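In the form deposited in one PDB entry, a lone chain appears below as structure tokens.
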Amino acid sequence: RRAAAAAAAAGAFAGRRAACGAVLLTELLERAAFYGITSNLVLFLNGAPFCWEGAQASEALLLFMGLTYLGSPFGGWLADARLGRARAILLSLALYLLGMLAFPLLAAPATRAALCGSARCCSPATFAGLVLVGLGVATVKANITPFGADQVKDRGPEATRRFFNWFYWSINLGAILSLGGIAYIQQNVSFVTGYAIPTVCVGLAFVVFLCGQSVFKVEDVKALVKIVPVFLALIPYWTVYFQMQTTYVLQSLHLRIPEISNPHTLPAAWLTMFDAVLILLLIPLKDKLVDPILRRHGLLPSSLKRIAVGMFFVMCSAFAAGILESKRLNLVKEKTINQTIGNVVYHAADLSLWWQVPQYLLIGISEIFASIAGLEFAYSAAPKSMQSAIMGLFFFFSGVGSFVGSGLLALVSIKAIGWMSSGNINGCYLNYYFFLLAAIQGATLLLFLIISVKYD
């Protein structure tokens, strides 16, 4: 009946298989370039060409990340009022490539003198490149997601749900490619070759759109004022999610990591790969085991209950992380070993890294539910005219959540609490931090359930 009809719609893509693969490939390349920049920015800035202090490099990276969130609402407005989505994304990609071209030249010893030969050694060029890259990333992110779903929007609301699955899958594949290959070359072979590859990725991503150009009011005021509270209630979700991104890697550094060979010192960025490594293996499987199974039974059809399920699994992951951290802190009092990651030696307990697998499943399932469904809700529950501007607010509130999470981490590090009073974390109670994150996620779950019920 109706179910049969919806399953038939799931039979999507169909005619438009080109128009989509082009968007998927473009997003893959863009994410590869972004993760190539973000993974080893601090090591580049604190090295031989640049004598920046660690605090200066951290502030520079923080400003670069903050720009990519602040520019999203303005990038979306530019793509709706003055230009089209295609032209806006093309201009953003051109600016992104222009900012891209700066880093290889600085890395190259011959061309460094031309740019900044004669505190911060080369602040103007680096800041201009980072500003251009941030604006390009912010404009691409706020516009690629609604542009991609535009092709599959005719076949009902079931095709835009399947597209947002292979979009996230392509994002994570690009993350794996960038953090595995490019991040390896940037630290082992050379920075020139490690930064030339993402520039080539940006160049290829620009060609794909040029090749694929041939195949691509009170009510809305009410919609705006009705969807603003839902976005506001999602700030604690991002607050917890980014803190889990950071502290999970912090814990992984202090856990027994096996060696691969007999180029040395595997990059620390590889650890982040773990999370995305799950996501790939989940997204096809899930799709199948969710597209029939959860559709013919009429289970969990809305995009907000899926966010609630994602929050539940986030809380479960926080609790598992707290348990593992308590075990690690109990074990570390007996003996400790030293292992080198990059150019720094961490003191780690003799507890295997793979014991961290149960954590990354629970958040991974969360990113199966909360991450995709958030984009689906942002796309569907938005006025037709202001599409790609509501996504701007979505990605801006994500940045607000990230910054308030950084502030929360700074809060528990004061002398009064002392949870994070000190690269060694053997003297820091990360388990209490994980339990606090779990409590925050539970309160967010309850508040979001109330908000979702009121919204519907």
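All residue numbers are counted from 1 along the displayed sequence.
We do not show the form solved in complex with a small molecule, though everything after this point is about it.
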Original post:
Does the trio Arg31, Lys141 and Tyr168 actually contact the small molecule in the deposited bound form, every residue with a heavy atom within 4.5 Å?
Top reply: yes
Check: Taking heavy atoms and a 4.5 Å cut-off, does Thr111 contact the small molecule in the deposited bound form?
Finding: no
**Asked** Do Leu375 and the small molecule share at least one heavy atom pair within 4.5 Å in the deposited bound form?
**Response** yes
Open item on the list: in the deposited bound form, is there a heavy atom of the small molecule that lies within 4.5 Å of any heavy atom of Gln151, even though the partner is absent here?
Closed with: no
inquiry  = Would you classify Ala183 as touching the small molecule in the deposited bound form, given a 4.5 Å non-hydrogen atom cut-off?
reply    = no
In the deposited bound form, the residue from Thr247, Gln187, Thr126, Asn172 with a non-hydrogen atom within 4.5 Å of the small molecule is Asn172
Checking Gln243, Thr199, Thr272, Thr160 against the small molecule in the deposited bound form, the residue with a non-hydrogen atom inside 4.5 angstroms turns out to be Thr272
Only one of 199-207, 233-241, 87-95, 379-387 has residues with a heavy atom within 4.5 Å of the small molecule in the deposited bound form, and that stretch is 233-241
